[PDB]
Amino acid sequence: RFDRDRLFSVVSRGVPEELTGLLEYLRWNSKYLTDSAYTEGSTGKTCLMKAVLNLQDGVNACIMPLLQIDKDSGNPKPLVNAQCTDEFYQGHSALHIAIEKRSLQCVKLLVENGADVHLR
């Protein structure tokens, strides 16, 4: 068993070990991280969006395993380019905000995955 609230506890802590059996959990349900229950209801604040806000000395090392889970899942619309829906922070895409956090590290590792750098 797994959910967004303990996935918030994953990306609050920055824990590599609770990520074990998550591709398997996405396969238990046959549903990806794009799920509206596993993103935040209003803001669409995915696990990566809070994993940006983890800020584990400007590196949450578990984001790349999360991006690996995104690749392993076979997500047609990966969270690399995911965007907020309700107006309050609409479109934010946290990596775009994260340059606000603005220690380098995340952006260049995400560049290797490759988000769109022309997003409105």
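Named according to the PDB entry, the protein chain is Transient Receptor Potential Cation Channel Subfamily V Member 2 originating from Rattus norvegicus.

S.K.: If you had to explain the overall build of the protein chain to someone new, which residues and values would you point to?
M.R.: The number of helices and strands found in the protein chain is six helices and zero strands. Over its C-alpha trace the protein chain gives a radius of gyration of 13 Å, about what one expects of a compact globule, namely 14 Å for 120 residues. Along the first, second and third principal axes, the C-alpha set of the protein chain runs to 35 × 30 × 25 Å. Looking at the 120 residues of the protein chain, the share that counts as buried comes to 38%. Counting only contacts in the protein chain whose residues sit at least 6 apart along the sequence, the fraction spanning at least 24 positions is 66%. Charged side chains in the protein chain number 14 positive and 15 negative. The centres of these two groups are separated by 1 Å.

S.K.: Give me the pattern of salt bridges: which residues, what numbers.
M.R.: Across all of its chains, the model carries three salt bridges by this definition. Put simply, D3 and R6 hold a salt bridge, and the shortest N to O gap is 3.0 Å. The exposure class of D3 is partly exposed, given its relative accessible area of 26%. Here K108 makes a salt bridge to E112, at a shortest N to O gap of 3.4 Å. Of this pair, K108 and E112 both sit in helix α6 (residues 105-113), four residues apart, which is roughly one turn of that helix. For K108, a relative accessible area of 48% gives the class partly exposed. According to the relative accessible area criterion, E112 is exposed, its value standing at 54%.

S.K.: I'd love a proper account of the environment of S93, names of residues and values included.
M.R.: Mapped onto the secondary structure, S93 falls in the loop between α4 (63-73) and α5 (95-98). Overall, the relative accessible area of 4% leaves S93 in the buried class. Sequence separation between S93 and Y25 is 68 residues; the distance between their C-alpha atoms is 24 Å. Among all residues touching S93, those that are not within four sequence positions of it are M49, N81, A82, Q83 and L119. A distance of 2.7 Å separates a polar atom in the side chain of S93 from the backbone oxygen of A82.

S.K.: Give me the lowdown on helix α3 (residues 47-54), citing residues and values where you can.
M.R.: When you tally the buried positions in α3, you get six out of eight residues, the bulk of the element. Next to the buried residues of α3 lie α1 (4-13), α4 and α5. N-cap assignment for α3: the residue whose side-chain oxygen lies 3.2 Å from the backbone N of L48 is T46. After α3 finishes, the residue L55 shows a positive phi value of roughly 55°.

S.K.: Tell me about α4, residues and numbers included.
M.R.: Restricting attention to buried positions, one finds in α4 the residues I63, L66, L67, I69, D70 and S73. The buried side chains of α4 occupy one side of the element, clustering within an arc of 150° when seen end-on. Buried residues along α4 sit against α2 (22-29), α3 and α6. Within two residues after α4, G74 carries a phi angle of roughly 80°, on the positive side.

The rules we used
Residues numbered from 1 in each chain as written, not as in the entry; some residues may be left out. Part of a larger assembly, values for the part shown. Heavy atoms only, no water. Helix = DSSP H or I, 4+ residues; strand = E, 2+ residues; numbered from the N terminus. Rg over C-alpha atoms; globule rule 2.2 N^0.38 Å. Buried < 20%, exposed > 50% of the residue type's maximum accessible area, 1.4 Å probe, protein only. Contact = heavy atoms within 4.5 Å. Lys, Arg positive; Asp, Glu negative; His and termini not counted. Charge placed at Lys NZ, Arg CZ, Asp CG, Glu CD. Salt bridge = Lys/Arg side-chain N within 4 Å of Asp/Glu carboxyl O. Polar contact = N/O pair within 3.5 Å; in protein donor to acceptor, adjacent residues only side chain to side chain. Arc of directions from axis to C-beta.

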